[PDB]
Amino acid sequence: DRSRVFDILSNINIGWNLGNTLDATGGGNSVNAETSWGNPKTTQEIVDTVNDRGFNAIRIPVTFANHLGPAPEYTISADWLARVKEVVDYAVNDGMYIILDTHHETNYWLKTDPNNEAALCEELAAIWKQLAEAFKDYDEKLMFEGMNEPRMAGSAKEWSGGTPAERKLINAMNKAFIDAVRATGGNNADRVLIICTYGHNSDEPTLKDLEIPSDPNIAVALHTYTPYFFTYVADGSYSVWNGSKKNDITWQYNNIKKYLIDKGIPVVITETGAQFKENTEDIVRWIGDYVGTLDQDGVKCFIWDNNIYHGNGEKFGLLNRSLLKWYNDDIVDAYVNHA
């Protein structure tokens, strides 16, 4: 009976990611990591703006690696832990639903070598112990997402759900995360804990190998930027959305239904979105078909927002943070008015 998790999640309209911010990896062991990829320092007003628009849930991606002391304690630098808490507190002040993750640990120590299971699980646990202790007294609207796209960067199946041995390591790492957090007690005894597949990938073999914990206060996170050739820029990509490719979404969603939804396991899409390709109308239609698909089973999503829109890079930006105005009100309306 996982119903408590379903009830909590039903309160989300739709979510938003503070992308390329606390997850950025420049600046070393410094709070300046936050601004190292060109975003401004986050403020209460940025977060208010997101909330006021209708994204009443926020994912706060955070990369810890360069702020950790040495093994085996892996102590999170006090400055960094305090800045992370300040940022979460912006959302708490506004009554938002919140996901805190670990993020580009995958550039650093989180490399899914099944022969290194103990060192990986131990680091993951040590980090989460400290985070769980710090946010112990936060209420049930704060959720923890243990890993982000855990994988072996550079490997052949990096983006296709890994190998069977790697999928088994992910199960062990998910378990370690849950264990470390539950052991701190307080509100962490039943806080929603969001585990993931390999690479947050949703292909059938990857779902099939996912161990479902007996803990009743968990959800499964996936990233479905689907279809890839619409949302990303690549050889074969297109900017037009007429519905002919809706079946890529449906087929993929049918496996999420088979292994998760129809087994009563809560699922959350913790990242999705479409890069802006001077195709407003197309993106508005894609959101209808993509989010319309998740709405059939009350599945919630969090849209990736890296504040890149006019400039070079992946143009997932929605809020112009420095002006506190939305880059594209029609795309944003389709998200916040999806229901």
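Each residue number is its position in the shown sequence, starting from 1.
* Residue stretch of maximal mean CA temperature factor, 75-83 vs 238-246 -> The stretch with the larger mean CA B-factor is 238-246.
* To do: Averaging the C-alpha B factors as listed in the entry, name the stretch that ends up higher: 203-211 or 182-190.
  => Comparing averages over the C-alpha atoms only gives 203-211.
* Asked: Which of these, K129, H103, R151, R167, has its C-alpha atom at the highest B-factor, as the entry lists it?
  -> Within the set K129, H103, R151, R167, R167 shows the top C-alpha B-factor.
* Residue with maximal Cα B-factor (values as given in the PDB entry) among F144, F229, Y90, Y97 -> Across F144, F229, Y90, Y97, the entry lists the biggest C-alpha B-factor for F229.
* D23 - which third its CA temperature factor falls in, relative to the rest of the chain -> As the PDB entry reports it, the C-alpha B-factor of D23 lands in the lowest third of its chain.
* To do: Going by the recorded CA B-factors, say which third of the chain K41 sits in, lowest, middle or highest.
  => For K41, whose C-alpha B-factor we compare with every modelled residue in the chain, the answer is the middle third.
* Would you check the entry's CA temperature factor for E278 and let me know if it's in the chain's lowest, middle or highest third? => Highest third.
* Considering only modelled residues of the same chain, in which third does the CA B-factor of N307 rank: lowest, middle or highest? -> For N307, whose C-alpha B-factor we compare with every modelled residue in the chain, the answer is the middle third.
* Split the chain's modelled residues into thirds by Cα B-factor; is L323 in the lowest, middle or highest one? -> Within its chain, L323 is a highest-third residue by C-alpha B-factor, going by the deposited values.
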